[PDB]
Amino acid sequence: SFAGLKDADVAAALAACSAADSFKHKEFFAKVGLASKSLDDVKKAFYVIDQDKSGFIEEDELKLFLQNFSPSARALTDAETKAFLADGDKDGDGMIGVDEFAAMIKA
C-alpha cells in the first residue's frame, strides 16, 4: 500500500519471492518500486515496517517484513533475515535505524 507503492508491483514482487529462500531484499526493493522513490516515501515505508514505533526495525519485525505488504505473506527464513539485517544495520547495533535503512535502499 503506503510509500505510494502500486498494487500491481506489490503483487508481482510477492509472486517473485514466494518460495522460501528466494527473497533478496535488493531485488524486492527494486521490483516493488521503492528503490526509486523519494526519501520521503522511503521513510514512510520504514515507519510502517517499524511496527512497535520504537524508531528501529528489530530483527523480529524484519522477519515479518512481507506481512506489511500482505497479511498472509510468509515469514522470512532465518537466512533471509540475517542477510537483510547485516546489510541494513551498518552501525552494528543489531537493528535498523532510519538513516541506515535509507542508505541501504539508495546504495
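Heads up: residue numbers just count along the shown sequence, starting at 1.
Engineer: Can you tell me which stretch has the higher mean Cα B-factor, 18-26 or 89-97?
Structural biologist: It is 18-26.
Engineer: When the Cα temperature factors in the entry are averaged, is it 1-9 or 98-106 that ends up higher?
Structural biologist: Stretch with the higher mean C-alpha B-factor: 1-9.
Engineer: Comparing recorded Cα B-factors across 35, 62, 73, 45, which one is largest?
Structural biologist: Max CA B-factor in the entry, restricted to 35, 62, 73, 45: 35.
Engineer: Taking the Cα B-factors listed in the entry, which of 52, 78, 58, 40 comes out highest?
Structural biologist: When the deposited C-alpha B-factors of 52, 78, 58, 40 are compared, 78 is largest.
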